[PDB]
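Each remark here refers to the structure printed beneath this line.
Heads up, the Cβs are rebuilt from the backbone with ideal geometry, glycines too, and the neighbour counts pull from every protein chain shown. Computed from the coordinates by the stated procedures, all read-outs in this text should not be read as laboratory data.
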């Protein structure tokens, strides 16, 4: 027998569904999403990390001009300063005061830390969902874990559950993403080879092991001073070291839909978006013939209490007579009322209680308790508590539609004005008739 | 109330009887240490000062 | 090893958490809606403070220092009631359907007090089509019975 249904994507709220097969005793599944995971597909554009600037000991030419020399290194510059007259601790390093030169050279390179402290910049272009689901079937709680891409049917207690694909393509991740040590950010980072000084991506590297460094630190060598031997320079500080301070908040803290984030691999989790189709194949031998089950008759329903809380604030008590000892599936025929139970024991000529939850201000619903249906109605009161630590366990209200008994004022005023209109239209049609016939 | 003036109270400075409401909550020790960690609202009097 | 900030003293208002915070040292407070528009906000608190966060229908997530997030949802609560006199049922739907309510009671009133205007208008369009020949005749004696559609006085 093939059953198909749609559960909202909300994690941690259990949903009932009814497997009504005519001629057999109905059975009720409860299933609850424990966790939905969206894992995107990542293409690495580059690493970014703290550079070091490499400055050899300077060449000083005593009595002559050094020649500037050109070579390919990631952000290389070289310059010759003239008239520099350096002192070491024991005396002048050159003979003579003037016509000396100093040659200075520098280039930038990845630090030893780039094996350990790197942002990684990626494109993240499509996603492959998974779900962990608890299902209550023939009175056993059982937990099952599955891919939710619409394939991967998972067996459990000989039924087969197949889940997804999810009804929306939404993800927190933009087309471009960067990740640090377990935190991930949406940002439109600069393309490879387009990086600018003092910003994210001032140094770039195609992989964490490539020698193809690009860098644009705007390094400038400056003239030495006061007969000192050193090399002074100006460059923009590491745009990575700045980004670690400037970041803002990781997507774990800012994503919509109550979403959570993780890394190794990167995932979005628990997004309260859309809904998930699910299908059950239940083997023909799992059903009990309607004559071999319990059956219930002469039943009636009473509602002692009804608070429209988030958390089973109503209780209904059902009188019944029953033909044999056994479990019965219990289900609501009205989407606005959720029942906590799923199967209850039935015996004798007696009564049972169900706890239920609703947003209705005047509950009316039909309960089905093993094939027999009973109409059940109550007057509700609001909770006193304002705030709670759990989501609403019931389906949300049909706004501008449902309302209450004691909204009878809508009938008692529309069935006032509608008569004032009808008498006005009558008198107009009467005098239209007398204008011809009299 | 906790963490506000009067979170601890007594009838006179010599009295033996005390009311106090500091919302003290004990917490699980850090797996290997013998200590007792806890969470509490800091003294409402020392904040009032 | 990093510290975990102290439990905040929390108390609940209609669509609000009121939180009294005890930082030992500069601590980040952040919060977001769990809805489509996350509306993220944060602040370092450096001394004892009180915050009042509006908790929307979708729920609020509040994360305080290195603690795990707190989560809060509103639930349908009011001083009004359905099943009361009709002013109380209107005050009741103003609980948490105020956007639905102010739309639907205003446009319902607009069609209702429009319809009584159109009803009196059709009665006047009828009364115009009716009395016309009794005005046009030179024998202008409107009958004592018909005079009641003209609204003329005394059972003379």
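Among the residues of region C:46-67, the ones that are more than 20 Å from the chain's Cα centre (by Cα) and either touching a residue at least 24 places away in the same chain (Cβ under 8 Å) or closer than 23 Å to residue A:310 by Cα (or both) come to 15 in all.
Conditions tested, residue by residue: (1) touching a residue at least 60 places away in the same chain (Cβ under 8 Å); (2) in contact with a helix residue (DSSP H, G or I) (Cβ under 9 Å, 6 or more places away or on another chain); (3) under 30 Å from residue C:112 (Cβ atoms).
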| position | (1), (2), (3) |
| --- | --- |
| A:315 | no, no, no |
| A:331 | yes, no, no |
| A:352 | no, no, no |
| A:356 | no, no, no |
| A:368 | yes, no, no |
| A:371 | yes, no, no |
| A:407 | no, yes, yes |
| A:413 | no, yes, yes |
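Of all residues being within 24 Å of residue C:3 (Cβ to Cβ) and over 16 Å from the mean Cα position of the chain (by Cα) in region B:1-47, which is nearest to the other protein chains (Cβ to nearest Cβ)? Just the residue, please. Across region B:1-47, the extreme among qualifying residues is B:30. Once region A:54-76 is narrowed to residues that are surrounded by fewer than 16 Cβ atoms within 10 Å (Cβ to Cβ) and assigned to a strand (DSSP E or B), the residue that is nearest to the chain's Cα centre (by Cα) is A:54.
Could you please let me know if residue C:132 is surrounded by 16 or more Cβ atoms within 10 Å (Cβ to Cβ), outside any loop (DSSP other than H, G, I, E, B), more than 8 Å from every other protein chain (Cβ to nearest Cβ) and without any contact (Cβ under 8 Å) to a residue 40 or more places away in the chain? Considered against the rule, which asks whether it is surrounded by 16 or more Cβ atoms within 10 Å (Cβ to Cβ), outside any loop (DSSP other than H, G, I, E, B), more than 8 Å from every other protein chain (Cβ to nearest Cβ) and without any contact (Cβ under 8 Å) to a residue 40 or more places away in the chain, residue C:132 comes out as no.
When each of C:142, C:118 is tested for being surrounded by 12 or more Cβ atoms within 10 Å (Cβ to Cβ), assigned to a loop (DSSP other than H, G, I, E, B) and either out of contact with any strand residue (DSSP E or B) (no Cβ under 7 Å at 6 or more places or on another chain) or at the interface with chain A (Cβ under 8 Å from one of its Cβ atoms) (or both), the lone residue that passes is C:142. Taking the criterion of being within 14 Å of another protein chain (Cβ to nearest Cβ) and either in contact (Cβ under 8 Å) with a residue 12 or more places away in the chain or not in a helix (DSSP H, G or I) (or both), the residues of region A:241-258 that qualify are A:247, A:248, A:249, A:250, A:251, A:252, A:255, A:256, A:257, A:258. When every residue of region C:21-31 is checked against the conditions, at least one turns out to be touching a strand residue (DSSP E or B) at 6+ places or on another chain (Cβ under 9 Å), within 7 Å of chain A (Cβ to nearest Cβ), surrounded by 15 or more Cβ atoms within 10 Å (Cβ to Cβ) and closer than 30 Å to residue B:1 by Cβ. Highlighted here are the strands (runs of 3 or more DSSP E) found entirely within region A:259-319 that include at least 2 residues which are loosely packed, with under 14 Cβ neighbours inside 10 Å and more than 40 Å from the chain's Cα centre (by Cα): A:296-306. Scanning region B:1-31 for residues that are farther than 30 Å from residue C:1 by Cβ and not in a loop (DSSP other than H, G, I, E, B) returns B:8, B:9, B:19, B:20. Scanning region C:32-44 for residues that are surrounded by 13 or more Cβ atoms within 10 Å (Cβ to Cβ) and facing chain A (nearest Cβ under 9 Å) returns C:32, C:33, C:34, C:35, C:38, C:40, C:42.
Listed here are the strands (runs of 3 or more DSSP E) enclosed by region C:45-101 that have at least 2 residues being over 29 Å from residue A:406 (Cα atoms) and more than 7 Å from chain A (Cβ to nearest Cβ): C:49-54, C:60-64.
Criterion applied to A:381, A:331, A:375 was being farther than 13 Å from residue A:308 by Cβ and within 36 Å of the chain's Cα centre (by Cα), and the one residue passing it is A:331. Taken over region A:121-160, the criterion of being over 23 Å from residue A:268 (Cβ atoms) and in a strand (DSSP E or B) is satisfied by A:135, A:136, A:137, A:140, A:141, A:142, A:155, A:156, A:159, A:160. Being without any contact (Cβ under 8 Å) to a residue 24 or more places away in the chain and under 25 Å from residue A:183 (Cβ atoms) holds for only one residue in A:205, A:210, A:234, A:238, and it is A:210. Do we find a residue being within 14 Å of chain C (Cβ to nearest Cβ) and closer than 30 Å to residue A:169 by Cβ anywhere in region A:273-285? Yes - at least one qualifying residue is present in region A:273-285. Scanning region C:1-34 for residues that are over 30 Å from the mean Cα position of the chain (by Cα) and in a strand (DSSP E or B) yields C:9, C:20, C:21, C:27, C:28, C:29.
Being more than 14 Å from chain C (Cβ to nearest Cβ), farther than 30 Å from residue C:73 by Cβ and in contact with a strand residue (DSSP E or B) (Cβ under 7 Å, 6 or more places away or on another chain) is not true of residue A:218.
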